[PDB]
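So the structure is just underneath, and the comments pick up after that.
Here the Cβ positions follow ideal geometry from the backbone for every residue, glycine too, while neighbour counts run over all protein chains shown. A short reminder: the numbers here are calculations on the coordinates, not readings from a lab.
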Amino acid sequence: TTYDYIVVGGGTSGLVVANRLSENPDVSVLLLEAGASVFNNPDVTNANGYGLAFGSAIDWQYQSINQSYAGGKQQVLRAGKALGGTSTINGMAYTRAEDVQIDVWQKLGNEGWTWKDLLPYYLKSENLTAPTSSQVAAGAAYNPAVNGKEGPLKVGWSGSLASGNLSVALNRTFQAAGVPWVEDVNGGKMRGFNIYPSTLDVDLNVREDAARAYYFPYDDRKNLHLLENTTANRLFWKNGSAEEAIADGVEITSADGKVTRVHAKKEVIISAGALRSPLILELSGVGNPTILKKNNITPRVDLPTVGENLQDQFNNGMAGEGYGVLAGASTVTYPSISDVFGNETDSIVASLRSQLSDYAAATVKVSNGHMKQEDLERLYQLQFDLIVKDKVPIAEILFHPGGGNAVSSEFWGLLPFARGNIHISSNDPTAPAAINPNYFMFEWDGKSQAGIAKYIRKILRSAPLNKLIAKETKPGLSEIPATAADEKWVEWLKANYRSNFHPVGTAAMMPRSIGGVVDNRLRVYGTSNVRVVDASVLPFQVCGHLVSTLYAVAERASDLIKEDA
Ligand SMILES: Cc1cc2nc3c(=O)[nH]c(=O)nc-3n(C[C@H](O)[C@H](O)[C@H](O)COP(=O)(O)OP(=O)(O)OC[C@H]3O[C@@H](n4cnc5c(N)ncnc54)[C@H](O)[C@@H]3O)c2cc1C
């Protein structure tokens, strides 16, 4: 039961690592996956099936604690339980990050993590199919210099894509609001309006999940091994004389309930997702001693920010009704703070600036003092500067034809300041975690969401879109009158929001001295040979949809692992 590498979690990120490490025929790799293949699951393969698998056997359906700042209700936190992980149930959108927000990773002390360093790995991951003439006419575009042609992840546009009145009107309406069309949001500058591509195999007309990309075309490799329906509980350690912890292997529970062990000669890579990887660490004795001791776990490594620094987004939705049939492309708009707030920007900025130290003080308490005031002030300053000085997008706004006369919009603030945490509730590896994203904790988080909603209301009634749109239907003017105060908007947003399912930061890549959990090679502090490679390591949220960046991070991590070997 001994392998060179064990990769825990055959998901979006884990499959990349397993693929790349097994390129060396003399290296054995074991993948552990709690779920199973969805190669033949038609609700996964369905190119238009986003949403169908929600609440099914392939959705973990994690649940938050009461969201005390958001009206008190608990929230489902969805995630894929499948070979391919969350890439099997997600919305398939392929968008990246702002260059300067990846550059911040190196600024805060993560050597080698910048846009210029990550770009080659975005390229390495990707195989973009160029749009057809009909797709071009609909608005599909790309910058060849920033798209890969040979990577495992197929990317492209739907065969159903055709030009229509709605997407043309949106282009014009956003341009009139000062937000122009851009050919590609994936070259490090995201601001603009765009007919975005998807993780789609256009040759087959199926969802391109991580397993179809990185696993199945390679499953004849004799040095790559997969255990499906197999849950990793925790790591166990070599018993020696030195302080530094050396992982010996992983304890697993199989479908028949048998608990056994597998061993790693080189390293254990944890890729179980942002809502599981930190828990695996805690159960292994890597985490906050107070939490471990409450659960009768002896610390192997005192690393009290494991599970801290959880950052997620929340989304809301609006809708309109056309005079007639609405048709065309699905579109994304990434507006900056000044795009959303216009002439009130300076006042919004002044208010936010006056709040940063107070946000930090509140977050210190969330972490029971394990993130320091000074450190959080500096982290929040970096985010503030991205918003205010670099003018990174503060919102994602999707517009979709909804069939017939319907148009829907789905939107979210990209960079809320709220931080929460996730922690084990017991030493029992089956026990649900206490998950607390702290949605709506800070004024900016709700105020920006309300600003975005108000902006969308304005767009729906602006020229030339207002020639197509008869009225707003959600919330509509009955539910939220034209003269309603911001509190009415915030109350409505709180009553109707969903998690955006973009949790990051629970094993954050930062210097240990500022509260990081992993180093710049993704190695867990205090260990020799344990890495986390998944959304847990992102130290801040990004502007785009996560898989593109997670694939790139895992591609780069794979090279770092090989170099260390
Ligand atoms: C509904 C939804 C829609 C989304 N929309 C988009 C979108 O349109 N575009 C986009 O880019 N991103 C989207 N996202 C986000 C993106 O899909 C995820 O952030 C990303 O897939 C997470 O990758 P990961 O490697 O961190 O974890 P995952 O892909 O979740 O992988 C973790 C893997 O570990 C397994 N696992 C967990 N615990 C254990 C255990 N103890 N033992 C063994 N295995 C375990 C899981 O079953 C899973 O396969 C969406 C997410 C959701 C939930």
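Structure notes:
- Amide H contacts of residue 471: 321, each under 5 Å away and 5 or more positions distant or on a separate chain (H built 1.01 Å from N in the peptide plane; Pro and chain starts excluded).
- Under Stokes-Einstein, with the Kirkwood radius over Cα pairs as Rh, the value for the stretch 298-457 at 4 °C and 1.567 mPa s is 73 µm²/s.
- Annotation: the antiparallel percentage among DSSP beta bridges lying fully within the chain is about 70.
- Distance between modelled label sites at residue 162 and residue 46, nm, 7 Å Cα→Cβ extension: 2.2 nm
- Close amide-amide hydrogen proximity is noted between residue 154 and 127, each under 5 Å apart and 5 or more residues distant or on a separate chain (H modeled in the peptide plane; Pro and chain starts excluded).
- Under the Karplus curve 6.51 cos²θ - 1.76 cosθ + 1.60, θ = phi - 60°, whole-Hz ³J(HN,Hα) for the stretch 541-558, x wherever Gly or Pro sits: 5, 10, 7, x, 6, 5, 4, 3, 6, 5, 4, 4, 4, 5, 4, 5, 3, 4
- Fraction of antiparallel bridges per DSSP, the stretch 72-217 only, in percent to nearest 5: 55 percent
- Relative contact order, whole percent, for the chain stands at 21, derived from Cα pairs under 8 Å and 6 or more residues apart.
- Just so you know, the averaged projected area of the alpha carbon convex hull for the stretch 477-534 sits at 6.5 nm².
- Once the convex hull of all Cα atoms in the stretch 1-152 is built, its volume per residue stands at 217 Å³.
- Taken along the Cα-to-beta-carbon direction at a fixed 7 Å, the label points for residue 377 and residue 496 span 4.0 nm.
- Chymotrypsin sites (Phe, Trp or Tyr not before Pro) lying in DSSP loop within the stretch 1-103, provided at most 14 other Cβ fall within 10 Å: 54
- Cα centroid separation, the stretch 143-206 to the stretch 486-562: 25 Å.
- Site pair residue 471 and residue 203 shows an inter-label distance of 5.0 nm when each label is modelled 7 Å from Cα along Cα→Cβ.
- Among the listed pairs 265/562; 189/365; 154/189; 365/389; 154/454; 116/389, those with a Cα-Cα distance over 25 Å are 189/365; 365/389; 154/454.
- Cut-off under 5 Å, modelled amide H: who pairs with residue 3 long-range: 263, 264, 265
- Straightening the chain between residue 565 and residue 406 buys 51.7 nm, computed as 0.36 nm per residue apart minus the Cα-Cα spacing.
- The stretch 82-131 - Kirkwood radius from inverse mean 1/r over Cα pairs (Å): 13.0 Å
- FRET efficiency, 1/(1 + (r/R0)^6) with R0 35 Å, evaluated for residue 65 and residue 242 via beta carbons: 0.35
- Maximal additional length on extending the residue 172-residue 482 stretch stands at 109.2 nm, based on 0.36 nm per residue less the C-alpha distance.
- Of the GluC sites (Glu not before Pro) in the stretch 35-130, those whose Cβ has at most 12 other Cβ within 10 Å and which sit in DSSP loop: 111
- Relative to the current alpha-carbon distance between residue 462 and residue 183, full extension at 0.36 nm per residue lengthens the span by 98.1 nm.
- For the chain, adding -39500 (n - 2.57) for each run of n ≥ 4 DSSP H residues and dividing by the number of residues yields -8000 deg cm²/dmol at 222 nm.
- Pairwise alpha-carbon distances in the stretch 279-376 exceed 17 Å for 72% of all pairs.
- The stretch 178-325, relative contact order [Cα under 8 Å, separation at least 6], %: 11 percent
- Whole-number Å³ per residue for the convex hull built on Cα positions in the stretch 369-454: 149 Å³
- The P(r) of the chain has a tail past 38 Å containing 26 percent of all C-alpha pairs.
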